[PDB]
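[1] Experimental structure and sequence below.
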Amino acid sequence: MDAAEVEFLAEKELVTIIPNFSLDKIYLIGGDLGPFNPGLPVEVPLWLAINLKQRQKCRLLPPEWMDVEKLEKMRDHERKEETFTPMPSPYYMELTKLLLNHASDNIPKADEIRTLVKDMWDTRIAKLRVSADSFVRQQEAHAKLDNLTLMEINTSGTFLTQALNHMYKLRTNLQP
Amino acid sequence: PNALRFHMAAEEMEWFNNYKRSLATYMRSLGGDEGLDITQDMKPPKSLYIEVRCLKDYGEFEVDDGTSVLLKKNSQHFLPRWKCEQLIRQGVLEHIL
Amino acid sequence: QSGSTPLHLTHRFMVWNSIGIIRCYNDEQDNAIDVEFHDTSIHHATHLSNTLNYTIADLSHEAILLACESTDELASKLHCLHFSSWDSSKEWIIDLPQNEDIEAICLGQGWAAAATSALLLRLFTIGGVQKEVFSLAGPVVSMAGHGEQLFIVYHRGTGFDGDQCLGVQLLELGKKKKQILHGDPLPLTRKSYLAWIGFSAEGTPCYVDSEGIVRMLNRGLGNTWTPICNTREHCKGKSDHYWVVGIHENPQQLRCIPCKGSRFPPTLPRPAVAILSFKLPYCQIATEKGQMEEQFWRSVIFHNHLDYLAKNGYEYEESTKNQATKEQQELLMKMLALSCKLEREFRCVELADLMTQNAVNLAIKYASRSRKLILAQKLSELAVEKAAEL
Amino acid sequence: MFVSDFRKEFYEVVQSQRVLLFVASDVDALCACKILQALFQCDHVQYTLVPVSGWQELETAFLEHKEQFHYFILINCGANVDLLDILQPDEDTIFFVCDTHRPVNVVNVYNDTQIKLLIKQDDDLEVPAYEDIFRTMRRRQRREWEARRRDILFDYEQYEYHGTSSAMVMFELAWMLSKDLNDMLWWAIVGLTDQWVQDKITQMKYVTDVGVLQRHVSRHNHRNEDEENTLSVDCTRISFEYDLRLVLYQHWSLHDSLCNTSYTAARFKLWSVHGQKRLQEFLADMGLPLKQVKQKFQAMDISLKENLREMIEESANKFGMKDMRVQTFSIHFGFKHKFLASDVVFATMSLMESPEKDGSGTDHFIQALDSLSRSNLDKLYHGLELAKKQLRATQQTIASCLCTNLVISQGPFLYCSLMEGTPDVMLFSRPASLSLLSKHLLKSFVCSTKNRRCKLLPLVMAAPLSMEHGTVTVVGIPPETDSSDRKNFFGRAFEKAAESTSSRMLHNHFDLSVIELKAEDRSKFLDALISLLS
Amino acid sequence: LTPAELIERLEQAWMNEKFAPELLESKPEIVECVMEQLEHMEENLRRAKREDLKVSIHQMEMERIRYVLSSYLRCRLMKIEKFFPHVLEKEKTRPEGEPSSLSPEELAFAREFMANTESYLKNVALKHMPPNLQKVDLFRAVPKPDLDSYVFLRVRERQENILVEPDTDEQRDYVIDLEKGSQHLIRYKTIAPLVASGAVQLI
């Protein structure tokens, strides 16, 4: 699986937009959306939000968790804990990239938000590195990774799974 | 392309033609009419339309029925992604932005 | 002015309503006014250099209206941008008599109004022809307009012990000139001040006081004032409060901006409009009786606007009246069922008095079910009396 | 006809249609093309974009594309000629013309059905009335009317000049559509600055248009920012600047910019052996250390950069340079990216007029057009490097011409020519760079000479075009004066001289004051021009 | 099954087929339902007018859904081409009522692919071989899927006493409980019935 595909799944997440156009309810296959009333918030999937923002048809509102105080608390909790902590969104990195790259004008203090999300990303990838090293050193049979996100797993998981396949075959080659 | 086709054996071309016929038969059989061209949509879709630039001096390209675009070199068109995907993959067109 | 924020700010909203937003600012880079619209199909965003230092503004589908206080060298001036005009001379400017000072302005369908320091109200066409002039009963606090209606509030006297002594004057500037309210006292909560005035999108006058109680003109109850929402109960914490920008009756929406520890929102980062549901202040409201009756009265007082539009000749969809009557009647049928099972048949007759006899026949059949004989007989007598009147 | 409202009777028409953009190879045309591209991409308009740089190329492209497209938009081309005569279209086609060239041809003005002009009607236009241009004593009256017609048409068509920027027109349309982005405003600014850099407009008109764009900059800044809380550093921030006239001084050393700015180079005579000493007088008056002046500007001491503009202005005033400061704009985004509008103009122009013999001029156009987007910032920096090379070559050519005295009076106009094989004649073979070189060279000449009459003359300049075809490009420049209207007659003068001489002139360029001649024809052509200007 | 949950099940199958080492059991109902949904929506937009925002939004959702379907079928075809003799032998061996790893279209494609490959090898080299060596069985030549591959997963229905088998030493074995919403990294051979029954989602 590619990072673009993980972004494709991340684009299904719901975000709130303020349209500058009028449109009645539209019945999409994945779920009806709207009605789109000018100047009023409406919740839509992230791909449609980014598309309308690109076409100058709405203002994006940040999610409730894109807040400097909340993100600082989450970052400090992540650095304080040893296990992966529950993240505000299951696709927080991709949400941050899309929303801040396309709507930094709408989202206040986007620099702080981006830096805090990067801090959490660095901490959690370091934790994943430690988990992989502990797995291979202790010859564990399985691991528990409850609060990892899909992008975090996808970044390093192909290498880790291939290495563990090799390790399993090496430790089991005396089967008779 | 012929520079690559020159590397293949005749029996390799036989196998390739049989594989192409089998693949097209399978693709047709996926739906009631016109099947599903699974060779398209190789990357996840980002935008409904894209801007493309002609790398090769090339012939007329039909967009829809009486509408068509001349693919002269360095001319730049804004067209549907699903129509331009094959030519981009073949290198006739360059996706920009 | 409704939807404004205070003049002392460096960068403020001059008006926020259902149409759009006007902002004004004064800084070392420029003195200017930014006009923008919620629906960009109406008109493009407009920008004006604020050399004349306009301070009061109003926005409509038809025009932008601006006004300034008088200085020593230049009088108070009324300025307009009738962008919806077909002619190219979309701008017009008017200069008031010497040391006369505009203190409030508002817009309507094809006309503009200005209240001045002479306790004088001046009417203008939206193209800037001076229409009639008359004297206000006191110093104004604010004005509003919708269609032919002109809604004015003023100081009818001096308040005591925290209260404000406000009177309301509601003109109709239609084919025949009228005064629906001609200086009536305006209700307020104790120790409050008037925070917001205007009309529903459906054209009913409404206002909100500094304790967050929303009131609407009840045209089905002799043009009295009915509360329809307490915004304080809807807040995350009672220190905070909402800042209203618009009202809609169908769908039932109260459009407002929540404010964190402030009477009004900051100009940036740009606020998001929240939707609040209207709530009549009825007793035992959590009970099924309370739920049903409060919904019934909420429905009918909102659907009074259909009667006003039809009476004054404005077009409307008959499906709205059909839906209103159907909702009210099915609701009151369910309420009749509850009162029937409670065996208060006089209460059933009182409830069914509000209904059409065709619908009362269903309650008669419901009373026949389980053999509530006296209830069925008295609902039949009520239906016979209604038919006799009809 | 003139379009009265771009929104209703141009944009909402083509919004429902397939469109073909023909775009001239000049920076204003590129910026207008970028703005219109962004609008069309917002609204999913299926456009096709074709570069052109001459009438033969436009005719070839139209002949290739006439069958498929009915709606055409010509950017910075087509207004000053009869498009119906040149192109021979079908009557159901429509040509929109957003062209800065003036005067508009009367056929294009009064063609109601087919030619629609995206030109402001409040521009400086003096179109003659219809009855003066279109249809025994009655025969005598008719002949008198024809004499009136030829006289008034010559008075109308004598001087060519440039109106409001096409990029500004397209940004006005974007603003009316309420789809104006900050980058669109930057493209509008760069389009105006192209006209100012190439001296296509008067200083008064440039100041007026900068006054127009100041309001848009203020609106865009206050759209989402104030003095209390601000945007991310990533966001583009356009700021009005009362900045220095020196070229590319924020990406160079200040010594190089004082060396290669046409203004200061012409004033101090830096082509001459004495000019470096005059420059040292200027620098010593400012008190800037030479080791700092010859260091790159980004590495210069911030104590010197604190008030450099006031220092340069107040020293320039007493050294006689009266207008060193200019009203302009800059764009900032990210931490380290900072450009002036003149910088983007020079970079894009150098990319487009690059001397590399790779691919085609359309390829160089494509590199220039890509560089105007922030996703291709590397191309912009590469264009700045090419601008360094271009400006150095320009000063070398000016020094060669003035030292060897190639610039010579021939009566009513000065004449100059570049010989084959001389250093960096290849860079100025292309007509646009040649026109820019001729303007800079004339400024240097009139600053150099003591002859007050010679300061008032226009310039005619020639350079090789194709040795295999034996042809030369020729350009005509009006007199370089502080109060010039930037109107020139050399289009009609070249045409009438060529006709009176039966010369082999190919009139392929969009400016009428730029032509191609068969080389041996030049002697009788120049003699005809001398006899004509008298 | 409402269409939103149909698309959700499609994406579940897409992920599971991405990360499973073997070819998973076919989902012909999902494929046919998504195909008819796409046909119906394309017909509706064909009836609708151009320069319309809702048409463009519906087209974008159609592009996303068709991308998921095309990628899922492409991955299944990759697995078929990679393990054609083994999937064909599995279909031959399949008991009645056991779900098939191949749709009828996929089975026809697999048979054609195997026949084409065998004929190619025959004609090119294997008729030129010595007489005893002219036959080679692709059931032995082509490798099998590696069911011991490690996979990430996220569970959707709680499980208990799932046996974790570290290596050939039986006495190192232990058992775990997969709590709802937890994520694990484990060999595929220990969780094949779970993913087949939908108790777990591979990630």
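    On my side now, so go ahead. Numbering: from 1, shown residues only, chains lettered A, B, ... in the order given.
[2] And the residue of the stretch 351-500 of chain D found nearest chain B, how far from chain E?
    Ranked by Cβ to the nearest Cβ, the top residue of the stretch 351-500 of chain D for proximity to chain B is residue D:362, at 4.0 Å. Just so you know, the C-beta spots here come from the backbone N, C-alpha and C atoms, and that holds for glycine as well. Noted for residue D:362: a distance of 31 Å to chain E, by Cβ to the nearest Cβ, to the nearest Å.
[3] which residue ranges form the helices in chain A?
    Here chain A has its helices, by DSSP state H, at A:3-10, A:46-54, A:68-80, A:92-103, A:110-138, A:150-171.
[4] Give me the angle between the third one and helix A:92-103.
    By that I understand helix A:68-80. Helix A:68-80 and helix A:92-103 are oriented at 150 degrees to each other (axes from the mean of the first three to the mean of the last three Cα atoms, to 10 degrees).
[5] any idea how far the residue in chain A positioned nearest to chain B lies from chain E?
    Residue of chain A nearest chain B, by Cβ to the nearest Cβ: residue A:8 (3.9 Å). For residue A:8, the distance to chain E (Cβ to the nearest Cβ) stands at 7 Å.
[6] That residue: what's its closest spatial neighbour, skipping adjacent residues?
    Spatially, and ignoring its direct neighbours in sequence, residue A:8 is nearest to residue B:44 (3.9 Å; Cβ to Cβ, 6 or more residues apart in numbering or on different chains).
[7] same check, this time on residue D:370
    residue D:376 (4.6 Å).
[8] From residue D:296, how far off is that neighbour?
    For residue D:376, the distance to residue D:296 equals 24 Å [Cβ to Cβ, to the nearest Å].
[9] Any residues of chain B in contact with chain D? List them.
    Residues of chain B lying near chain D by Cβ under 8 Å from any Cβ of the partner chain: B:48-49, B:51, B:53, B:63, B:67-70, B:72-79, B:96-97.
[10] Let's see which of those residues end up in helices.
    The helices, defined by DSSP H, take in nothing from those.
[11] Can I get the buried part of these as one PyMOL selection?
    Buried residues within the residues of chain B next to chain D, by 16 or more other Cβ atoms under 10 Å in any protein chain shown, are selected in PyMOL with:
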select buried, chain B and resi 48+49+51+53+63+69+70+72+74+75+76+77+78+79
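[12] among the residues of chain B next to chain D, which are within reach of chain A?
    Near chain A, judged by Cβ under 8 Å from any Cβ, the entries from the residues of chain B next to chain D are residue B:48.
[13] ok so, going back, tell me which element the residue of the stretch 351-500 of chain D closest to chain B is part of?
    Following DSSP states H and E, one finds residue D:362 within helix D:361-371.
[14] okay, the angle between the helix or strand just after that helix and helix D:361-371?
    Moving toward the C-terminus from helix D:361-371, the next helix or strand (DSSP H and E) is helix D:377-404. Helix D:377-404 runs at 120 degrees relative to helix D:361-371, counting by the same axes, to 10 degrees.
[15] which helices and strands sit right next to helix D:377-404?
    Contact partners of helix D:377-404 among helices and strands, from 3 or more Cβ pairs under 8 Å, 6 or more residues apart in numbering or on different chains; DSSP states H and E: helix D:254-260, helix D:262-268, helix D:341-352, helix D:361-371, helix D:431-448.
[16] Next, the angle from the last one to helix D:341-352.
    When you say that, I think you mean helix D:431-448. Between the axes of helix D:431-448 and helix D:341-352, defined by the same axes, to 10 degrees, the angle is 130 degrees.
[17] which of the residues in the very next helix or strand once past helix D:431-448 are buried?
    Counting by DSSP H and E, the element after helix D:431-448 in chain order, helix or strand, is strand D:459-466. For strand D:459-466, burial by neighbour count (16+ other Cβ under 10 Å) applies to D:459, D:460, D:461, D:462, D:463, D:464, D:465.
[18] can you check stretch C:369-385 too?
    Those would be C:372, C:375, C:376, C:378, C:379, C:380, C:382, C:383, for stretch C:369-385 by 16+ other Cβ under 10 Å.
[19] mind listing which of those are in strands?
    The members of those all map outside strands under DSSP state E.
[20] Switch those residues over to a markdown table; also include distance to chain A.
    Below are the buried residues of stretch C:369-385 laid out as a markdown table (distance: Cβ to the nearest Cβ, whole Å):
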| residue | distance to chain A |
| --- | --- |
| C:372 | 44 |
| C:375 | 43 |
| C:376 | 44 |
| C:378 | 45 |
| C:379 | 41 |
| C:380 | 44 |
| C:382 | 42 |
| C:383 | 41 |
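[21] Mark which of these are part of helices, please.
    Among the buried residues of stretch C:369-385, the ones falling in helices (DSSP H) are C:375, C:376, C:378, C:379, C:380, C:382, C:383.
[22] ok, and the closest non-adjacent residue to residue E:83?
    Leaving aside its sequence neighbours, residue E:83 sits nearest to residue E:145 (Cβ to Cβ, 6+ apart; 5.8 Å).
[23] And for the one you found, the neighbour number?
    16 (other Cβ atoms under 10 Å in any protein chain shown).
[24] list the contacts for it?
    Applying Cβ atoms under 8 Å, 6 or more residues apart in numbering or on different chains to residue E:145 gives the contacts E:21, E:22, E:23, E:79, E:83, E:86.
[25] Quickly name whichever of those residues is closest to residue A:121.
    The shortest approach to residue A:121 among the contacts of residue E:145 belongs to residue E:21, at 29.3 Å (Cβ to Cβ).
[26] quick one on the thing from earlier: if you count what's nearby, which of residue D:376 and residue D:296 comes out ahead?
    Set residue D:376 next to residue D:296 and count neighbours by other Cβ under 10 Å: residue D:376 wins out with 16 against 12.
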